[PDB]
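These are the residues of each chain, in order.
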Amino acid sequence: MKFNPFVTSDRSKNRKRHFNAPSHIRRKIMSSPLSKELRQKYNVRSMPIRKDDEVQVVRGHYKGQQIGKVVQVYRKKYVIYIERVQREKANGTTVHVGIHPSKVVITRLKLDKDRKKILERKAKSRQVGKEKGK
Amino acid sequence: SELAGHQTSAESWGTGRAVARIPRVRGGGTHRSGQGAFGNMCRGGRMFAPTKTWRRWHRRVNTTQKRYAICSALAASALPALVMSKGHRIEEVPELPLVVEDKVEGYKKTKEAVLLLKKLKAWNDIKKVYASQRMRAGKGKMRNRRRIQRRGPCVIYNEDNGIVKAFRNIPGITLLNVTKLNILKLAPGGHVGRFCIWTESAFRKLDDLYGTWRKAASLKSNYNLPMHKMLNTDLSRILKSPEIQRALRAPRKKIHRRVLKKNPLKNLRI
RNA sequence: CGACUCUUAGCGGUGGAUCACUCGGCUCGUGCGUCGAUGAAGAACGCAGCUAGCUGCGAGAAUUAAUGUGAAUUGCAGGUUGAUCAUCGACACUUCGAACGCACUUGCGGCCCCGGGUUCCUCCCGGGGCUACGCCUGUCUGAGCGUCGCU
RNA sequence: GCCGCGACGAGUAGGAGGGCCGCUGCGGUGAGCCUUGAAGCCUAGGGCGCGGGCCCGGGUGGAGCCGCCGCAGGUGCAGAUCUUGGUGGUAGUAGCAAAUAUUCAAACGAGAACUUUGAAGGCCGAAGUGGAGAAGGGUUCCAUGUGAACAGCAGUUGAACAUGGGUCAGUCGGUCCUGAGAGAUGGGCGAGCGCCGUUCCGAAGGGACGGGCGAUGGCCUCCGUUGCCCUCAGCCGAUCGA
RNA sequence: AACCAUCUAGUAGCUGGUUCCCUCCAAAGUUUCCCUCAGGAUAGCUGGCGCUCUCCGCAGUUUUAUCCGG
RNA sequence: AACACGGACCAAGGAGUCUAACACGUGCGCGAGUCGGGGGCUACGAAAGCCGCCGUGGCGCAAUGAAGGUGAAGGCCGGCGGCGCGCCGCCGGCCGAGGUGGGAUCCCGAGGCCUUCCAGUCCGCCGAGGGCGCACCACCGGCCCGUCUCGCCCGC
RNA sequence: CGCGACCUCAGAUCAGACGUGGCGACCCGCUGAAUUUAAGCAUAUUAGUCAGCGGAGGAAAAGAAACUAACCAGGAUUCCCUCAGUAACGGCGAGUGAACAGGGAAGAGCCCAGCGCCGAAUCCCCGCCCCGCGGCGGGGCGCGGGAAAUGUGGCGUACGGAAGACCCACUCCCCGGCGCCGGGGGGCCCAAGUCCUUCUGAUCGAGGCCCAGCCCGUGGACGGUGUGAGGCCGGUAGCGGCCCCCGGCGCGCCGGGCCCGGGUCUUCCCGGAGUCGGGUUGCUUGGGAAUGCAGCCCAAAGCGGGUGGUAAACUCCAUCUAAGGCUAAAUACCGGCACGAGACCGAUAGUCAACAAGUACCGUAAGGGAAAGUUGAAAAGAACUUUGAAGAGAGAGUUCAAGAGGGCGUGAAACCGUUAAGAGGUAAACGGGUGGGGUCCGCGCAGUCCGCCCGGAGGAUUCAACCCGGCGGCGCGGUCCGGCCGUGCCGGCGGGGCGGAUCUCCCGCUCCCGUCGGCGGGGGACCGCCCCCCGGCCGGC
Ligand SMILES: [Mg+2]
Ligand SMILES: [Mg+2]
Ligand SMILES: [Mg+2]
Ligand SMILES: [Mg+2]
Ligand SMILES: [Mg+2]
Ligand SMILES: [Mg+2]
Ligand SMILES: [Mg+2]
Ligand SMILES: [Mg+2]
Ligand SMILES: [Mg+2]
Ligand SMILES: [Mg+2]
Ligand SMILES: [Mg+2]
Ligand SMILES: [Mg+2]
Ligand SMILES: [Mg+2]
Ligand SMILES: [Mg+2]
Ligand SMILES: [Mg+2]
Ligand SMILES: [Mg+2]
Ligand SMILES: [Mg+2]
Ligand SMILES: [Mg+2]
Ligand SMILES: [Mg+2]
Ligand SMILES: [Mg+2]
Ligand SMILES: [Mg+2]
Ligand SMILES: [Mg+2]
Ligand SMILES: [Mg+2]
Ligand SMILES: [Mg+2]
Ligand SMILES: [Mg+2]
Ligand SMILES: [Mg+2]
Ligand SMILES: [Mg+2]
Ligand SMILES: [Mg+2]
Ligand SMILES: [Mg+2]
Ligand SMILES: [Mg+2]
Ligand SMILES: [Mg+2]
Ligand SMILES: [Mg+2]
Ligand SMILES: [Mg+2]
Ligand SMILES: [Mg+2]
Ligand SMILES: [Mg+2]
Ligand SMILES: [Mg+2]
Ligand SMILES: [Mg+2]
Ligand SMILES: [Mg+2]
Ligand SMILES: [Mg+2]
Ligand SMILES: [Mg+2]
Ligand SMILES: [Mg+2]
Ligand SMILES: [Mg+2]
Ligand SMILES: [Mg+2]
Ligand SMILES: [Mg+2]
Ligand SMILES: [Mg+2]
Ligand SMILES: [Mg+2]
Ligand SMILES: [Mg+2]
Ligand SMILES: [Mg+2]
Ligand SMILES: [Mg+2]
Ligand SMILES: [Mg+2]
Ligand SMILES: [Mg+2]
Ligand SMILES: [Mg+2]
Ligand SMILES: [Mg+2]
Ligand SMILES: [Mg+2]
Ligand SMILES: [Mg+2]
Ligand SMILES: [Mg+2]
Ligand SMILES: [Mg+2]
Ligand SMILES: [Mg+2]
Ligand SMILES: [Mg+2]
Ligand SMILES: [Mg+2]
């Protein structure tokens, strides 16, 4: 149960939050998990996804083991267009199909300055929370 | 709101014109002209007896009756048939007014409290609740009353030593202070037989809180236990005592059905 | 058997009831409880690469700076020493409006200062800064066979 | 609860009882049902109940629903010259009748009684079916293209639609003036937002020329540019109003 | 005796309408008073809830006595 | 049926409600008492629980009278003081809170309810006749407050 | 005459300042209706209400007695409960209608004038200099300028007070700064399966994970995600973490001001006028020989005045000190910002409006004021061929499905077309009773098994009785051994916990002459009730 009284547990207010969310929050919403190998490395459960990340789709029609590269993110529809997931429209032009980020797993991070910075912050809060809970 | 409906101006056309003699909207080339404002039957319009806030919501009740109730309910918790008929699954449980050692208070984690309920073999009721977690029917759905589940077994404690935090995660289980007991929870639906789990302190305190029949309660100012009207409920055993049977008449239990009238003029042997 | 008329069922049409969805209301409650001559409220007119409305904005005109965040917006073209979003203390805010130079025609003005204009002739032109009513404390200049003083 | 005996049964206005009659929602409860297809809907199928109504089969549909014990209600429609929304007969009917009128060929075009040109015949007959303006409308003006909808038949057309263009003043008007009058100030009245009243109980001029004295600016020549003092000044009522 | 909104859902002894089943019982239009006669009260008629006794009392009836009647 | 009115057809909507007070009936709690509703202490809960030196107060337990006020059995023996054997009043002792009729239930119980004929106890059951009488009704007395008439005494 | 003091009144685009309108849910002061009720109506009622006008704040207003009472007396205001539908008013009809005392929330008190003392001991502004300066202040210096005797400051104000003298005892407060240690706003973070099978277009479904009963749980609220998810993501829990800003109490120090008291005895001092009050008129109030308010007229006092709910005269008593002022807390809030919930409503409902709504549109104007939601998981929106001027269609084609093709979910009736069937001169339509034909169903179309018996035919390592082992039921085991209890009862050299309107020396405190009483408390006995220990009776399991 939630005991904090200023947080709301009401259906229409949360749906309103999502469908009318700003870009900077959407960034935070559209997150995906790390594989257990990478989880062994950084000791981190999940990360916000980036434009140039490699991914495996788990469910849907296009599922498999094909590590596809990301092409572009469409936050306004909360969805991403990936390298080989597409279908040909009649005239011939192919179209990348949108996929929801949660149905996706990272195999290789595009590692910038901030990305390493964030992973260390998350690791710090993990070490403190486990030793503190301990 | 009281305003609802009546904000329009609407003079009636009146007699003539072969029309209904109703409050009609005042002019203008648009749909709403002659279109009907007030009246429960008109579109829009004031529903009958606008719902007022100064309705009598709250019903007060007498103290003696409340305490009577808590007593009856507790008496029922000792009876097993009643506990079963409320559906609680309790066959291998050793004793219904199920008392426990006072070390549980010192528990602070659910893994332990669960393993405890396993040792007491009360988990099947929770198992029933888990299987029974499902969706509500109707418009409630859109007003945050979506999910429903069966009620579980009560746990009563005297003093909080972390146990509250420790149990609250298990679905169904209501905790209770003993001093501050509640009926709305003890007898849901006014139906008798919630399965309870007492602690030794709470079990001993009842003798002081309500008293026996020859010692009043020390805590409440003036309150003895509720009196019986008749003690020997089992009339089956009564009715076959020597004394009454001795003093009764003989049961005339032979059935004498309706006789058919045969004609004496015709039938000789009749 | 014909055509016509009546009745029922299958199928197709008109029309949009019912049922299921719900970023809206109503009601109750909590905590705060702040506008304006430093030009408010309201109205008008404008501003987008393709834009009419809705929404946002004031000649810096769908936004500047600063701070936080940390790589997009997207219907279409095109161009990480911080793109984009939010926060908002610096910066700015056209014209009517109590409305304030006098009028409501958007017409007339008045004073002072700059630059072209002179060749100080002052004209002519542009720009800039002032120019509402009432009332208060003080400043200044005045009035009165009002009341005195000296002559 | 079950069972046995007799006697009776019309009913408006009206009263009372029982409703495993039915609707919407709340606490318990059915280890209830459901994408191997819920609700709703359709049905010359099978059945139950005196009845209110309900249960099975079949078809359609694509996500939620019901039984039992208790509680609360905005809880059951044929009518109200009821409300809103939709559809019939009446009807392919009444009708498309104010002021004389059209006809022949040719062109584009898929197609022409009505478009255009030419030819022929008629009318309005300068108190005009003409040429120009005002108030008032506000892009309807002009060109190119379009042929959905509109122009009560049609249209290759149009004041319809879509794209684009277009209004140049010292001298033409407003702007200036006052007109019947409206309307400030002073003054008065008024609980008060405000009102009477327009020369009436008002210290109602900021102007000018010359003289003197002071003050600056210039080929300081001569003349400007501000100030005081002397001398002079009737207005009339601020202001709008063609 | 204009027009717009508000007081305003303004009053009506007067017309009009008023949503499921079955079962059981079942009327009045008469008295008196009212600026009462298209209306109320009030007695009357009706239902429902019961209660005290029953396995001596009562009757829209006659008879026998006895009065009354114009 | 009407030469009385409303109605072309269909779907959806559409009408004795809420609040206060009172009266009667019923169910529940406690009982000469009863009630905390206001106030105070202690996720669902704005609930729930407690308070009695928080029962102030409300309703009831006494009426009547305009008001000052007043306020709900009595009977009998001896004595003492006084008067026409008796009486009034004043001191000590006993019974002491009405009566009649009708009254559902209870009580007494002459006698008796069968084995072979008598003798012979205990337990039941029935019952002639007679009593104590609940509730309730009818009547009769008594008591209380106001009021009227007639009276004679006690007290500081 | 001229010059100079003052007084009174003007003008200035004088230097510096302030007002002016909006919002108006709640508040304050005025003015002020009628519908309607009374079965009519006219006074009353509706009602000091709607509507009009002005002025405010986060609250306002109120408020420290010209009081209540008439008791053994209480003691500012505001608000709740009760006093109460009471006393009273009223064509005595209809109806209207308070207060004081009592228990509660909160609780805080103060200031001038006057009368009088003090070299006006007072104030504002300019100028100059130093510090500080996003709430314009602190300090020093001017023959710098005004205000002020038509009265500035200190003390002090009805609870009395001062001056004077005489005794006793005193030392910390106020203003602003700096640095150092410990609520509010903003930002970023934190557990655990996509494990193995299976249906399906897509799975959040189903089944499974053994004795470490899948993993976490201080986290199983909720939302999202191609159906229905504790463990896929965001969040939720936690005296969990980190980073900024603002505040909050403390400490150490600087530059200034303030130099005040407690009692005693003696002498003096002390109050607010066109106001109270009266007559009179009109409104209002529960206030009735006038409760309040106002207008006119009259017009006062000082051992005085007002009040003491029936006018008046006489009379004693009581209680207050008006006619100058301030003042936070509890209380109110259908407007606003930003927040939370619900036995509410579900597109003819709910605000008029779930949407480009106060929009389109109407009226010269004041004002009036609508209709209108829904493809799909995914735009995959139908390339290509073919007839036709094209609209329109035919094949092919996406999708699980176009039986969802841009006003497109499901798609009833009224109404129409066609098809199939049956019939037809007393308009159609109906109830009862039968017949015929259709329609589909009966999964009909050689028809019941059940016990028991009799008889003939198979087969299984099988029946009874005893032994062993376990368990349950019962016990007149007449009365086997031991417990446990009793809304049962007696004994107590018991130990006590509550209550008592039954009694009871000591202690603590004030007063009187180490002595004598009183009040409060406390042991100390005494009565009732229960609980724990024994012993014994009765009865049960
Ligand atoms: Mg439903
Ligand atoms: Mg159809
Ligand atoms: Mg509809
Ligand atoms: Mg519907
Ligand atoms: Mg723009
Ligand atoms: Mg920037
Ligand atoms: Mg930023
Ligand atoms: Mg003009
Ligand atoms: Mg009958
Ligand atoms: Mg009948
Ligand atoms: Mg379907
Ligand atoms: Mg569906
Ligand atoms: Mg209907
Ligand atoms: Mg004809
Ligand atoms: Mg014709
Ligand atoms: Mg014509
Ligand atoms: Mg003609
Ligand atoms: Mg002619
Ligand atoms: Mg022309
Ligand atoms: Mg044109
Ligand atoms: Mg034509
Ligand atoms: Mg020219
Ligand atoms: Mg005027
Ligand atoms: Mg002019
Ligand atoms: Mg002109
Ligand atoms: Mg009505
Ligand atoms: Mg009306
Ligand atoms: Mg009629
Ligand atoms: Mg006669
Ligand atoms: Mg006739
Ligand atoms: Mg008709
Ligand atoms: Mg009752
Ligand atoms: Mg000035
Ligand atoms: Mg305002
Ligand atoms: Mg009347
Ligand atoms: Mg009437
Ligand atoms: Mg009348
Ligand atoms: Mg009045
Ligand atoms: Mg009144
Ligand atoms: Mg303010
Ligand atoms: Mg105030
Ligand atoms: Mg005041
Ligand atoms: Mg005062
Ligand atoms: Mg009082
Ligand atoms: Mg003072
Ligand atoms: Mg002072
Ligand atoms: Mg003074
Ligand atoms: Mg979900
Ligand atoms: Mg979930
Ligand atoms: Mg699971
Ligand atoms: Mg998570
Ligand atoms: Mg938490
Ligand atoms: Mg009055
Ligand atoms: Mg006065
Ligand atoms: Mg009096
Ligand atoms: Mg609507
Ligand atoms: Mg439609
Ligand atoms: Mg459809
Ligand atoms: Mg039908
Ligand atoms: Mg046919």
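Conventions used here
Residues numbered from 1 in each chain as written, not as in the entry; some residues may be left out. Chains lettered and ligands numbered in written order. Part of a larger assembly, values for the part shown. Heavy atoms only, no water. Near = heavy atom within 4 Å. Polar contact = N/O pair within 3.5 Å; in protein donor to acceptor, adjacent residues only side chain to side chain. Helix = DSSP H or I, 4+ residues; strand = E, 2+ residues; numbered from the N terminus. Pairing = 2+ DSSP bridges. Axes fitted to C-alpha atoms, helices over the stretch in contact; angles between N-to-C directions. Contact = heavy atoms within 4.5 Å. Buried area = accessible area lost by both parts, 1.4 Å probe. Salt bridge = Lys/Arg side-chain N within 4 Å of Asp/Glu carboxyl O. Core = buried A, V, L, I, M, F, W, Y, C linked by side-chain atoms within 4.5 Å. Buried < 20%, exposed > 50% of the residue type's maximum accessible area, 1.4 Å probe, protein only. Nonpolar A, V, L, I, M, F, W, Y, C, P; charged D, E, K, R; others polar. Patch = residues over 30% accessible without salt bridge, like charges linked within 9 Å, V, L, I, M, F, W, Y side chains within 5 Å. Areas by Shrake-Rupley, 256 points an atom, 1.4 Å probe, with all protein chains shown as cover. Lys, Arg positive; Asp, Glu negative; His and termini not counted. Charge placed at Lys NZ, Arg CZ, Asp CG, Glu CD. Arc of directions from axis to C-beta. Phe/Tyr/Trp six-rings, centres within 6.5 Å; stacked < 30°, edge-to-face > 60°. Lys NZ or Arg CZ within 6 Å of the ring centre and 35° of its normal.

In its metadata, the entry names cryo-EM as the structure determination method and reports 4.1 Å as the resolution.

Visitor: Would you explain the protein's contact with RNA strand G in this entry?
Guide: In the vicinity of RNA strand G lie 60 residues, with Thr8(A), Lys13(A), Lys28(A), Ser31(A) and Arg143(B) positioned nearest. Sugar and phosphate atoms constitute 78% of the interface atoms of RNA strand G, taking the interface as everything within 4 Å of the protein. Between RNA strand G and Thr8(A) there is a distance of 2.3 Å, counted from a phosphate oxygen to a side-chain nitrogen or oxygen. At 2.3 Å, a side-chain N or O of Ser31(A) approaches a sugar or linking oxygen of RNA strand G. Counting residues per element, the surface near RNA strand G draws most heavily on helix α4 (residues 113-133) of chain A, at five residues.

Visitor: Please explain the sheet that holds strand β4 (residues 68-74) of chain A as it appears in this structure.
Guide: Residues and elements named next belong to chain A. Spatially, β5-β4-β3-β8 is the arrangement adopted by the four strands of the open sheet, whose pairing is antiparallel. Whereas interior strands pair on both sides, the edge strands pair on one side only; in this sheet they are β5 (79-82) and β8 (104-108). Taken pair by pair, the neighbouring strands of this sheet meet at an average axis angle of 55°, ignoring direction. Pairing analysis gives two bridges linking strand β3 (residues 54-57) to β4, with the strands arranged antiparallel. Bridge pairing in β4 links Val 55 to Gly 68.

Visitor: What exactly am I supposed to notice about the interface of chain A and chain B here?
Guide: A common way to express how large an interface is: the accessible area buried when the components associate. Taken together, the contact pairs four residues of chain A with four residues of chain B. The junction of chain A with chain B conceals about 320 Å² of combined surface from both sides, 40% of it contributed by carbon and sulfur atoms. Among the residues of chain A in contact with chain B, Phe3(A), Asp10(A) and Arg11(A) are the three that bury the most area, contributing 89% of the side total. On the surface where chain A and chain B come into contact, there are zero salt bridges. Counting the contacts that link chain A with chain B gives one residue pair in polar contact.

Visitor: Help me understand the nonpolar core, please; the structure alone is not making it clear to me.
Guide: Side chains of a nonpolar character, in soluble globular proteins, are inclined to be buried together. All names here are of chain B. Core analysis: the largest hydrophobic core is formed by 18 residues, its most contacted members being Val 155, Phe 167, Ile 170, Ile 173, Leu 175, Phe 195 and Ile 197. With three residues, helix α3 (residues 110-120) is the largest single contributor of residues to this core. Not counting chain neighbours up to four residues away, the residues in contact with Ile 197 comprise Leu 98, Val 100, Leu 117, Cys 154, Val 155 and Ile 156.

Visitor: Looking at this model, I keep getting lost on the protein's contact with RNA strand D. Mind explaining?
Guide: Residue and element names in this part refer to chain B. In the vicinity of RNA strand D, 27 residues are found, and the nearest of them are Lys 128, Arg 134, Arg 136, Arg 150 and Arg 151. Here RNA strand D approaches the protein such that, of its atoms within 4 Å, sugar and phosphate make up 58%. Contacts to RNA strand D include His 191, whose side-chain N or O atom sits 3.3 Å from a base oxygen. Counting residues per element, the ones that place at least two in the surface near RNA strand D are α4 (123-131) and β2 (134-135). The residue inventory of the surface near RNA strand D, partitioned by class, reads seven nonpolar, six polar and 14 charged.

Visitor: Could you clarify how one ought to interpret the sheet that holds strand β4 (residues 154-157) of chain B in this entry?
Guide: What links the strands of a sheet is backbone hydrogen bonding, and the strands pair in either a parallel or an antiparallel sense. All names here are of chain B. Strand order across the open sheet formed by four strands is β1-β6-β4-β5, with parallel pairing between neighbours. Looking at the sheet topology across the chains shown, the edges are occupied by β1 (98-100) and β5 (175-177). Direction aside, neighbouring strands of the sheet carry axes that sit 30° apart on average. Across three bridges, the pairing between β1 and strand β6 (residues 196-199) is parallel. Bridge pairing links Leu 98 to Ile 197 in β6.

Visitor: Would you mind showing me how to read a positive patch on the surface here?
Guide: On the surface, a cluster of positive charge is made up of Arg27(A), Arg50(A), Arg75(A) and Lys110(A). With respect to the helices and strands, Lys110(A) occurs in the loop between β8 and α4.

Visitor: Could you clarify how one ought to interpret α4(B) in this entry?
Guide: Think of an α-helix as turning once every 3.6 residues; residues three or four places apart then point the same way. Residues and elements named next belong to chain B. Of the residues making up α4, those classed as buried are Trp 123, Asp 125, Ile 126 and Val 129. In a view along the axis of α4, the buried residues occupy a sector of 155°, so they form one face of it. Where α4 is buried, its residues touch α3.

Visitor: Would you mind going over the environment of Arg26(B) with me for this structure?
Guide: All names here are of chain B. Turning to its location among the elements, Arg 26 is positioned in the segment before α1 (63-78). By relative accessible area, which is 63% here, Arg 26 ends up exposed. Separated by 98 residues in sequence, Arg 26 and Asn 124 have C-alpha atoms that sit 71 Å apart. Look past the residues within four positions of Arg 26 in its chain and what remains in contact with it is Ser 9 and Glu 11.

Visitor: Can you help me understand the packing of aromatic side chains in this one?
Guide: Within a pair of aromatic rings, the relevant descriptors are the distance that separates the centres and the angle that separates the planes. Enumeration over the complete set of coordinates arrives at two aromatic pairs over all chains. Plain terms: the ring middles of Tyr74(A) and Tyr81(A) are 6.4 Å apart, the flat faces sit at 20° to each other, and that makes the pair stacked. The exposure class of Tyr74(A) is partly exposed, given its relative accessible area of 37%. Over the face of the ring belonging to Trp13(B) we find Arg24(B), whose NZ or CZ atom lies 6.0 Å from the ring centre. Between the NZ or CZ atom of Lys118(B) and the centre of the ring of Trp123(B), over which it lies, the distance is 5.2 Å.

Visitor: Quick question: what am I supposed to make of unusual backbone geometry here?
Guide: All names here are of chain B. In the Ramachandran plot, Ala 18 falls in the positive-phi region, its phi being about 45° despite a non-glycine side chain. With respect to the helices, strands and loops of the structure, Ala 18 is situated in the segment before α1. Residue classification places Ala 18 among the exposed positions, given a relative accessible area of 78%. Phi angles above zero are rare outside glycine, and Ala 49 is one such case at about 55°.

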